[PDB]
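Asks: In PDB author numbering, the protein residues as written are 4 to 125, 127 to 261.
Shown below is the structure under consideration.
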Ligand SMILES: CCCNC(=O)c1ccc(S(N)(=O)=O)cc1
Ligand SMILES: CCCNC(=O)c1ccc(S(N)(=O)=O)cc1
Ligand SMILES: [Zn+2]
């Protein structure tokens with residue numbers, strides 16, 4: 004099965020998932036000199052006041068914080084988007100060292116990690133239908149750099165010891181994802197894909213310009229997770245990022261001047 008190891012990593016995925024070589028793959032490098040301001044783009048509307056987190060799960064490739072998405076509670080609207088997108092889960096990608104870990108890059112700079120807040124377009129009724137549509141998902145991507153601690157991340161870090169291995173989950177209620185958002189909502193946007201198999205070309209990417217700061221101790225705890233299941237040979241969950249893919253016939257638009 005696919006992964007990030009020595010023999011099943013991103014360069015192998017195309018054998019089982021040929022869309023890996025498609026026209027709309029993610030992530031990409033964001034060339035800040037070529038992305039053009041688009042005065043038609045609106046401010047993002049992030050409405051997380053009513054978010055209901057439920058559970059945290061180590062799925063063998065990352066950990067997902069899952070939300071109740073059975074009604075419009077936490078939603079993303081505005082920006083480049085038409086209609087309403089409901090938050091279903093967030094997760095991160097991160098490195099073995101601070102100098103790598105993000106999926107998107109900015110002028111080729113890799114950040115220590117990247118947070119993905121995943122939302123689906125409610127006009128398609130359920131998530132599984134949305135991933136089959138070119139405008140099915142909106143993923144809000146936020147870079148992490150190592151510096152001061154992020155207070156709103158600590159609840160996540162402290163539960164990680166309880167979900168060390170693949171297939172473990174823990175209850176995770178009452179977590180407020182607003183504590184993971186930088187000050188500014190300036191962004192870049194482009195049409196792309198899921199960055200893990202099945203690599204479906206169903207995502208409107210919204211990547212915030214301003215990174216959040218997390219401490220070295222916080223990220224170190226991410227790196228103590230395991231890709232493997234309980235009892236199996238230990239493989240630290242690090243470097244679970246796909247590198248940048250060809251931009252092809254796409255334009256990256258900026259929300260800011
Ligand atoms: C404290 C739990 C995690 N939440 C936050 O950090 C947070 C929430 C709302 C706003 S506000 N209302 O200023 O846009 C700012 C911060
Ligand atoms: C469809 C099979 C389950 N996969 C997902 O739901 C999914 C995959 C990648 C991303 S990402 N890393 O592009 O935010 C978000 C969601
Ligand atoms: Zn992701």
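Built from N, CA and C at the ideal position, the CB exists for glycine as well.
Cβ-heavy atom distance between residue 190 and ligand 1 below 7 Å?
Replies: Against the chain shown, residue 190 aligns to sequence position 186. For ligand 1, not one heavy atom lies less than 7 Å from the Cβ of residue 190.
Asks: Quick check: does the Cβ of residue 184 come within less than 7 Å of any heavy atom belonging to ligand 2?
Replies: Counting from 1 along the chain shown, the entry for residue 184 is found at position 180. Checking the Cβ of residue 184 against ligand 2 gives no.
Asks: Secondary structure at residue 166, three-state DSSP: helix, strand or coil?
Replies: One-based indexing of the chain shown puts residue 166 at position 162. DSSP places residue 166 in helix when its eight states are reduced to three.
Asks: Under a Cβ-count criterion, where at least 16 other Cβ atoms within 10 Å of its own Cβ denotes burial, should residue 237 be classed as buried or exposed?
Replies: Against the chain shown, residue 237 aligns to sequence position 233. Exposed, since its Cβ has fewer than 16 Cβ neighbours within 10 Å.
Asks: Quick check on the burial criterion: 16 or more other C-beta atoms within 10 angstroms. Buried or exposed for residue 86?
Replies: Taking the first residue of the chain shown as position 1, residue 86 is located at position 83. Per the 10 Å Cβ criterion, exposed.
Asks: Taking three-plus beta-carbon pairs below 8 Å as touching, is the region 169 to 188 in contact with the region 27 to 43?
Replies: The region 169 to 188 vs the region 27 to 43: no contact.
Asks: Of the residues 146, 107, 184, which one's Cα is nearest the Cα of residue 249?
Replies: As a working note, residue 249 is residue 245 in the chain shown. That would be 107, whose Cα lies nearest to the Cα of residue 249.
Asks: Just how far apart, CA to CA, sit residue 101 and residue 209?
Replies: The sequence position of residue 101 within the chain shown is 98, counting from 1. The sequence position of residue 209 within the chain shown is 205, counting from 1. If I take the Cα positions, the gap works out to 24 Å.
Asks: May I have the straight-line CA-CA distance separating residue 179 from residue 165, to the nearest angstrom?
Replies: To locate residue 179, count along the chain shown from 1; it is residue 175. To locate residue 165, count along the chain shown from 1; it is residue 161. Going by the C-alpha atoms only, they are around 17 Å apart.
Asks: CB of residue 199 to nearest heavy atom of ligand 3: below 7 Å?
Replies: As a working note, residue 199 is residue 195 in the chain shown. Correct: residue 199 has its Cβ closer than 7 Å to ligand 3.
Asks: Any idea if residue 67 is buried or exposed, counting beta-carbon neighbours within 10 angstroms, 16 or more meaning buried?
Replies: Start at 1 with the first residue of the chain shown, and residue 67 comes out as number 64. Answer is buried; the Cβ neighbour count reaches 16.
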